[PDB]
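Engineer: One structure coming up, written as structure tokens, with questions to follow.
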Amino acid sequence: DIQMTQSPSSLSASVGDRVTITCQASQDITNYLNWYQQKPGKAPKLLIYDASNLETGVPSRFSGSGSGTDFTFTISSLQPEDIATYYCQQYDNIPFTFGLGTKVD
Amino acid sequence: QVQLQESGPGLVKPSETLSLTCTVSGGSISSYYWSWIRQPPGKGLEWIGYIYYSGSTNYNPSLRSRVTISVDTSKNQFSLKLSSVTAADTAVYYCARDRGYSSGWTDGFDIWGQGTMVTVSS
Amino acid sequence: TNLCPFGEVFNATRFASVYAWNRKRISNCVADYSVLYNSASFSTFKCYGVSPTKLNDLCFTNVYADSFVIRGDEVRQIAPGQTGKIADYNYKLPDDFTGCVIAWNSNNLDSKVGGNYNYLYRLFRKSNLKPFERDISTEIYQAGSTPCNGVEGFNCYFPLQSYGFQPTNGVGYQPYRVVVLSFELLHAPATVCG
Ligand SMILES: *[C@@H]1O[C@H](CO)[C@@H](O)[C@H](O)[C@H]1NC(C)=O
């Protein structure tokens, strides 16, 4: 399969901060990675697709970058409502692999 | 705006099969790759398989042996029949959707819809 | 002149894998096959009913359009009275097939640098197929004496296999999108004319 690894196992900060989440792959994944967030008791949403594009209807405070086997998802300005567990995921090979999650408090 | 709502039994017995059913309203199964994923309590998301509307399916190799995904366009719904249930399948299950734009391969899931709980014990 | 909808039949973004070929009915419309014949963008256009030029003057009562995606090597197999893995396990035409077949290369679309994983074909089946037969059940294949008992193992196989569509592969291994039109005349008023 494919191995996703998120560097921050957990993280906290205050309002209006910039936070970065690093997702690293077990092999080459060109841009086939998406970033979801999940608030507790809810189904995950989609935030970033193809590792660079922000999906329609999402506030622009999020951003993404990377290529090869490493990508980063960054909140430029943290908000009180950004409390959530964040997951990178690839769709380049079967099976689809979800990162073990990054809790953001 | 695709209102997606799962509906399955909330409890099954060990070693039998479970059968969830995904209903889509305001949604056109006619071109999107639809997939099921699961979440054990306090673990990460596990992908299960995705199904096209014709019948072209594709399953997770670890779970390839005992799953069965069916699509019914006329009643615009999904059946996920998982057989040989073990205690390891106690989890919530989600009914995702491809986002659209592609040529011959799916994209990231987009339209999860509220996930239902499934308990497997005695 | 309400024209038949060949548009989304040939120009669709996605085609289903060969083992679950799409079957879309065409009826109660006028079909202009000339633009198809004169498209000149089709790698293969082989007809086994009447000649392609004449059929625009010939009228039928149903036109089934069965679409899928295959490899360039297997393209020949889609023809009446043919044999091979595709022509016995996945999709085979009856000998008296009344219709004809379009196909074109699509490597720009249906292949991945890491190799495509979506398109699947039925590797093993315990029997041949009836004409125009569509089987999607995927019970494990028992290639040995033992019963596989619903689990893979030694000489137990998953009856589907994935083509490795890669853009730099040879023409023999490139992905070709294929359409098959069956024109049948039943005892009913013909509705698909020129
Ligand atoms: C598919 O779209 C192209 C783009 O205009 C068009 O030229 C072609 O005729 C279309 N195919 C059919 C079967 O109409």
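Chain C uses Swiss-Prot numbers throughout; the residues present, in order, are 333-526.
Placement of Cβ uses the backbone N, Cα and C atoms for every residue, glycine included.
Copied straight from Swiss-Prot:
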type	residues	note
DISULFID	C:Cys336-C:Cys361	disulfide bond
DISULFID	C:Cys379-C:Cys432	disulfide bond
DISULFID	C:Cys391-C:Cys525	disulfide bond
DISULFID	C:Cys480-C:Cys488	disulfide bond
CARBOHYD	C:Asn343	N-linked glycosylation site
REGION	C:448-456	region 'Immunodominant HLA epitope recognized by the CD8+'
REGION	C:455-490	region 'Disordered'
Engineer: Out of the disulfide-bonded residues I have (C:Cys361, C:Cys379, C:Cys391, C:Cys432, C:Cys488), which ones have their Cβ sitting under 6 Å from ligand 1?
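Structural biologist: The qualifying disulfide-bonded residues: none of them.
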Engineer: Using a 10 Å cut-off on CB atoms, tell me which of the disulfide-bonded residues C:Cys379, C:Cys391, C:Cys432, C:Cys488, C:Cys525 is the least crowded.
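Structural biologist: Among the disulfide-bonded residues C:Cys379, C:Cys391, C:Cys432, C:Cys488, C:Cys525, the lowest count of other Cβ atoms within 10 Å belongs to C:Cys525.
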Engineer: Out of C:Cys480, C:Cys488, C:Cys525, point to the one nearest C:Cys361 (disulfide bond) in space (Cα versus Cα); all of them are disulfide-bonded residues in the record.
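Structural biologist: Its closest listed neighbour, by Cα, is C:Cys525.
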Engineer: Disulfide-bonded residues C:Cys336, C:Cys391, C:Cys480, C:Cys488, C:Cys525: which have a Cα within 10 Å of C:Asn343 (N-linked glycosylation site)?
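Structural biologist: Checking Cα-Cα distances against C:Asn343 (N-linked glycosylation site), none of the disulfide-bonded residues falls within 10 Å.
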Engineer: Measure from the CA atom of C:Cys336 (disulfide bond) to the CA atom of C:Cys432 (disulfide bond) and give the result in Å, rounded to a whole number.
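Structural biologist: Cα-Cα, rounded: 17 Å.
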Engineer: CA-CA, which of the disulfide-bonded residues C:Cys336, C:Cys379, C:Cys480, C:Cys488 lies nearest C:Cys391 (disulfide bond)?
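Structural biologist: Ranked by Cα distance from C:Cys391 (disulfide bond), first place goes to C:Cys336.
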Engineer: Which one is it, among the disulfide-bonded residues C:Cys336, C:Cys379, C:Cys525, that lies nearest to C:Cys488 (disulfide bond) by Cα separation?
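Structural biologist: Nearest in space to C:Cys488 (disulfide bond), counting only the disulfide-bonded residues, is C:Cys379.
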